[PDB]
Amino acid sequence: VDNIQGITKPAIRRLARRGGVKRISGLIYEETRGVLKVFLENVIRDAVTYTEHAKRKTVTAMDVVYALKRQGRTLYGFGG
Amino acid sequence: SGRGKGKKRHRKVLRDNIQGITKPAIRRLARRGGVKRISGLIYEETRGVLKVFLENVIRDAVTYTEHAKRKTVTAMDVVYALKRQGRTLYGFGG
Amino acid sequence: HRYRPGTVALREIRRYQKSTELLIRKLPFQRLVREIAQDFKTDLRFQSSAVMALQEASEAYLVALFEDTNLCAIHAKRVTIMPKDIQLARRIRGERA
Amino acid sequence: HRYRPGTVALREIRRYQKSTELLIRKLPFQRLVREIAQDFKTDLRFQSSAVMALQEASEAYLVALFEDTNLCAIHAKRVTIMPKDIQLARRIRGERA
Amino acid sequence: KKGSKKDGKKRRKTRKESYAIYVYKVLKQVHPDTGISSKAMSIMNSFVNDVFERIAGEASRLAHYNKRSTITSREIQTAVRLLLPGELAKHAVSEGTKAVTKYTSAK
Amino acid sequence: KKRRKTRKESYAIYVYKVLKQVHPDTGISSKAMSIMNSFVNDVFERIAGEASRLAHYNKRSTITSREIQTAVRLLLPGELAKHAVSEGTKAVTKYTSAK
Amino acid sequence: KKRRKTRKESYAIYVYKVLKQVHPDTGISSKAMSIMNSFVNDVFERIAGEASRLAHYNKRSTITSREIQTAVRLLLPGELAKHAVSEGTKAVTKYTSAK
Amino acid sequence: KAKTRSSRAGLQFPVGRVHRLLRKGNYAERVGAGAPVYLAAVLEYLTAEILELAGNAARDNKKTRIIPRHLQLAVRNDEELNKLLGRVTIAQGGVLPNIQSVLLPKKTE
Amino acid sequence: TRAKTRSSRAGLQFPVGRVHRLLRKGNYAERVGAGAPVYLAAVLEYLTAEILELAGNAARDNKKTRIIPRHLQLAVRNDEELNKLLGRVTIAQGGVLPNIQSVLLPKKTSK
Amino acid sequence: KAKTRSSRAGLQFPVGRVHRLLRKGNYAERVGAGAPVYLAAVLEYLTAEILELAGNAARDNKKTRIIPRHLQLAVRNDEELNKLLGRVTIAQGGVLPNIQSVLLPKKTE
DNA sequence: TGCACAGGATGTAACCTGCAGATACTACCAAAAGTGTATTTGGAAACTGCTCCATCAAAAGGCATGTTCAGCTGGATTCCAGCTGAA
């Protein structure tokens, strides 16, 4: 009522580990939050543009799938 | 003036033309790219990268040419090939 | 008993590269998403799968970016990733550029 | 009289970044295009603007790649580009891996 | 005859249209004493055709996603918001809206 | 029972049939099947889109098997394209020599 | 014209058809085609011979697709066997679900 | 309906549906009869290639049911599928195990 | 009394009729409403004006009265939004923006 | 003769001939109907594998016509075909270029 | 100072079972799909106008090549403050 601060240092470290990273600078965490916020702003902006065009009040998985696709980040698994 | 079949007809074997992309030329491209110092192995590396780039664009351009039943590669065949590879080019039509 | 610095980091890399579970907590992520969306259109609702699609896409994006960032750190003869490595990777990708 | 190492290189960067003329010689580039094409399909002819289009695209591609490569050399605390810098830029770009 | 011809008009060339006369008209509005080379005009023609295709493609997808068989100014407007960056989309949307409102104010 | 019956089709039953021909004793989760449905839909769109542009470029109002073939060659990597082309050509031949 | 017509059959026209499906613009010399005919005849004999022994070992007077399959698995190296089995199973399924 | 077009084409994928989708997709004014057959065959072939590889992956992981992980393993370990799906994200797919050599124990080796 | 091109009717320089025909010829949808080509022509006209405004400025800055590809490239690359819109586009004979990385400049006067 | 068995099986290889050859080969008292179909399919598949590789070899040698040399190159450079034909001699096939390292100029290197 | 052996910890195995989730069977139906026939038409053939591509010629100077020389860069080494990992 954190939010971007809610994406924790430990979750970021985990993401980095899956990315093969062994050692992390203390400044990486805030940097990562900034980058993640930009990514979401970009994808959500387009998804909401599709939502509004449809005259809907609910963002659907398809709105997100279409937004991701036009940003060159096609996601499989959510087209039901 | 509309007669023939070749006849007088040229076309020598083409080989090693990647060496036509010279050290001075690559140095100039690197300079426009803002590069101040270049290792000696950069030249052959750059030729290799350009060859791949050209092979890819030309492969698609010729595919467009052949699909259209033509024997001549058009600037449009190149523009469409570039576009489909995400290298849109303005200035040559389309 | 103490494992040396790096031994557990390596164990975590192997653990996480073997699994597929989302790595960011669900609720904190959902909150972030709703907050960002509220900036574009107020009073929106989200299908649960919309939020999940965004999390799957966001995590895949970050993990792949960390792989690139890691290559940049190693390129500079380091094993520690730094903000300049993330920045270099995004500039080359055309995200910053 | 001798200018110091680097002075003329900087002079050339300024010169070439101010101009737009193609930097590879025309005929040699045209033979490379013909050779490569020939290997894909014999008996092709080329509109001359098709060759100029390929040259314009090829040079813009190389120049932009040298810009990314330079960023990579600089990242490693060097001012000299090396094959590994080209390789890192192409890998981050997704042209390689 | 339809498609006649063949000192002039060698077996009528099929017409290749372009935005050149319109680009030229706009240029004079913004820079009355500035000209443009044919190569720069070829660049402008590519630019207009590229944006036309990008916006129309986006509008097409939008219509299909919504199971609509008609592309209206509303699909163009949304395609514009999706395709153009910030301020450009804002001014483009304003001009597009203004034009449709004017167009429909006649007759 | 046709109201909320707005038909939502997918390739799931056909993907399932193919899985049986290649791996008779293997199943597929729902999440995996949805990935497959997305896959087929994606490739369909890319190939159809490429076929569309090809026909437009050539001022043809018809998308024939020839455009599909050329689109396949442009879209798919080397070996994948060769076999895709071989399969496509086979189905059209069979289909043709078919009652 | 049937006298010296003692029919001498071979797989040449079928090998030719397959070459067209894999390499539309490639030909094959007569000597090469004879190598191919020998090849197909050889594999037929090895697979049939193996199927024969299998049935005999199991006291069965019938060689069914199951014996052909097992013979294939015994005779062919790893990957070759997997694809051969996949192709065999496909043809029998099609054939079955066929009018 | 004597024989379906798919049956006549020797296909499992729905030729009629592919025909209808091409027509409703606004790809072109007209769609020739062989186009949906050629395309259905390509779609079926690609599906078979990935299912074959994902099934092999499930099998290598001691499983009989293909899950997203197996599709990801199949695609990423395959040079050509990896390239075709180079800009695609398979949800719940994870990544391939891969640790840069320089990070392994004892300086760099 | 009705008329007058649709372009004049919409207050535009770009051709509404042509844009309508191109939209129909491109297979984007089964139908194209009357307002769609008007809106699209207005947008194309607007973007054209923006690039020409900046490009004429580049030509003036370089003491030229005729816009050439170079000026279009300078206009686009020096403008944040047009640069993004045209991020994956190459303008032939455009060259690049003058830009030398700081670390490459000489200094500290001394081997 | 409505449809040939090969057509019904989606095959180019002659199912009926394969059936007849199995029967006249004295392999077994009886031959089930699916046996010649399965076998014809395997024979066709193997033929396609070798022709694909020999065609690639012809192509690498600047030729459009496959000769024995190309079949030999194809088989010998393929681990599995090489093993299947490990005790087979392809006439006019020659051998693969191969010089033992120790025989190369400058002592052994 | 280096190599090998011994010891404690961690991970996987083999096995067992509840259950989320896959599966098998029946019922129903709109629309998906195929078949019959009647009309329209895209675009391949065939013929050839007309562009512009390949190629030749000759001249000459911009620019490539090959070499010398040494400035200063990259690469290697050493040291250690303090950041980052482990608990």
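Considered as a group, the residues in the range D:72-87 that are facing another protein chain (nearest Cβ under 7 Å) and buried (at least 23 other Cβ atoms within 10 Å of the Cβ) include one that is farthest from DNA strand K (Cβ to nearest atom), and that residue is D:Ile86. Listed conditions (1) within 13 Å of DNA strand K (Cβ to nearest atom); (2) more than 28 Å from E:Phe52 (Cβ to Cβ) are all met by B:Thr74, apart from (2). Does B:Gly48 satisfy the criteria of being more than 7 Å from chain D (Cβ to nearest Cβ), outside any loop (DSSP other than H, G, I, E, B) and away from DNA strand K (no atom under 13 Å from the Cβ)? The answer is yes for B:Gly48. Checking H:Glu52, H:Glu79, H:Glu29 one by one, the residue that is among the acidic types (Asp, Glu) and within 13 Å of DNA strand K (Cβ to nearest atom) is H:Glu29 and no other. Beta carbons closer than 7 Å, at least 6 apart along the sequence or on distinct chains, never pair a first residue in the range I:22-49 that is more than 7 Å from chain E (Cβ to nearest Cβ) and aromatic (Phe, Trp, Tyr) with a second that is assigned to a helix (DSSP H, G or I) and surrounded by fewer than 24 Cβ atoms within 10 Å (Cβ to Cβ). When E:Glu75 is tested against (1) surrounded by fewer than 17 Cβ atoms within 10 Å (Cβ to Cβ); (2) touching a helix residue (DSSP H, G or I) at 6+ places or on another chain (Cβ under 6 Å), just one condition goes unmet, and that condition is (1).
The set of residues from the range E:37-89 being away from chain B (no Cβ under 14 Å), closer than 30 Å to I:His71 by Cα and not in a helix (DSSP H, G or I) comprises E:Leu84, E:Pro85.
Would you confirm whether or not the range C:39-60 contains a residue that is within 12 Å of DNA strand K (Cβ to nearest atom) and either in contact with an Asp or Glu (Cβ under 9 Å, 6 or more places away or on another chain) or facing another protein chain (nearest Cβ under 7 Å) (or both)?
no
Select from the range B:11-25 the residues that are assigned to a loop (DSSP other than H, G, I, E, B) and surrounded by 14 or more Cβ atoms within 10 Å (Cβ to Cβ) and write down the one among them that is nearest to DNA strand K (Cβ to nearest atom). Among residues in the range B:11-25 that are assigned to a loop (DSSP other than H, G, I, E, B) and surrounded by 14 or more Cβ atoms within 10 Å (Cβ to Cβ), the one nearest to DNA strand K (Cβ to nearest atom) is B:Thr22. Does the range D:89-97 include one or more residues that are in contact with a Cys (Cβ under 7 Å, 6 or more places away or on another chain), of a type in the set (A, V, I, L, M) and surrounded by 14 or more Cβ atoms within 10 Å (Cβ to Cβ)? There is at least one residue in the range D:89-97 that is in contact with a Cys (Cβ under 7 Å, 6 or more places away or on another chain), of a type in the set (A, V, I, L, M) and surrounded by 14 or more Cβ atoms within 10 Å (Cβ to Cβ). No other residue among F:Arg46, F:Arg73, F:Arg7 is within 14 Å of chain A (Cβ to nearest Cβ), among the basic types (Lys, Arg) and more than 14 Å from DNA strand K (Cβ to nearest atom) apart from F:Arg46.
Tell me whether the range F:16-34 contains one or more residues that are away from DNA strand K (no atom under 14 Å from the Cβ) and hydroxyl-bearing (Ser, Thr, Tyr). Checking the range F:16-34: not a single residue is away from DNA strand K (no atom under 14 Å from the Cβ) and hydroxyl-bearing (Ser, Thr, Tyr). Being closer than 28 Å to C:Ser19 by Cα and either in contact with a helix residue (DSSP H, G or I) (Cβ under 7 Å, 6 or more places away or on another chain) or more than 7 Å from every other protein chain (Cβ to nearest Cβ) (or both) is a description that applies to A:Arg13. Using the structure shown, decide if B:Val62 is in a helix (DSSP H, G or I), in contact with a strand residue (DSSP E or B) (Cβ under 8 Å, 6 or more places away or on another chain) and more than 12 Å from chain I (Cβ to nearest Cβ). Judged against the criteria, B:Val62 is a match. Screening the candidates D:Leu10, D:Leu22, D:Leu32 for the property of being more than 7 Å from every other protein chain (Cβ to nearest Cβ), surrounded by 13 or more Cβ atoms within 10 Å (Cβ to Cβ) and either touching a helix residue (DSSP H, G or I) at 6+ places or on another chain (Cβ under 8 Å) or over 30 Å from B:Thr74 (Cβ atoms) (or both) yields one hit, D:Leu22.
Each reported figure results from applying straightforward, stated rules to the coordinates on display, with no laboratory input. Don't worry about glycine lacking a Cβ; one is built from the backbone with ideal geometry, like all the others, and counts go over all protein chains shown.
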